[PDB]
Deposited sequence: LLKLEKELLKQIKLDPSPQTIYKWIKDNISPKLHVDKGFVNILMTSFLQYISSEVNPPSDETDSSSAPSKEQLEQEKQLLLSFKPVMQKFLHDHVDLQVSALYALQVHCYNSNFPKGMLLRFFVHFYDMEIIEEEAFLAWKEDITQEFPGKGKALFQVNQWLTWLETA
């Protein structure tokens, strides 16, 4: 799975067509793993790494980077939905992936919450998963406090009115 992750990210860089990457998964990863939380973790982690590498390469995002990022995420949305729809616990896994990804970049200003807004508006992550992620004690990935600090007002609104 740490391996699998190696291969998947290599494959995305080689050809980031949503179609190609979905076919590679289906042809190279047993379907029993498609509903595994660790697989959803490596999947979402690889997509986010790729998007970052594209939007903010080694050259405070510009409006052009914000649009580019939305567009790339939009092209991946049907692949992510194919594995996450109807699976709230795997959606919580995808939120931990995005938490750890932002933790790994030192929480860039607004990044985590801009992605929560995306994932919610794109119907990738349901309300229930956002609140399960908030309230979850059982998992231990780093960066959970600083993540909460940045999306708490948003989550509280979601929860109450």
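- Coordinate coverage of the deposited sequence is interrupted once, at 60-66, where no C-alpha atom was modelled.
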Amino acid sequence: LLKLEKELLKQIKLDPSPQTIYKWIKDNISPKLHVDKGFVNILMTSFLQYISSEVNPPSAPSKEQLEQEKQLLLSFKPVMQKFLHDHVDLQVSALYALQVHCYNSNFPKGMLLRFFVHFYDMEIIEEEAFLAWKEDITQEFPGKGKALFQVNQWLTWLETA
From here on, numbers count along this sequence of modelled residues.
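- Once the C-alpha B-factors are averaged per stretch, 33-41 and 90-98 rank with 33-41 first.
- Across the two stretches, 24-32 and 104-112, the PDB entry reports the greater mean Cα temperature factor for 104-112.
- Per-chain ranking of the deposited C-alpha B factor places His118 in the lowest third.
- In the PDB entry, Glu126 places in the lowest third of its chain by CA B-factor.
- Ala60: CA B factor lies in the highest third for its chain, per the PDB record.
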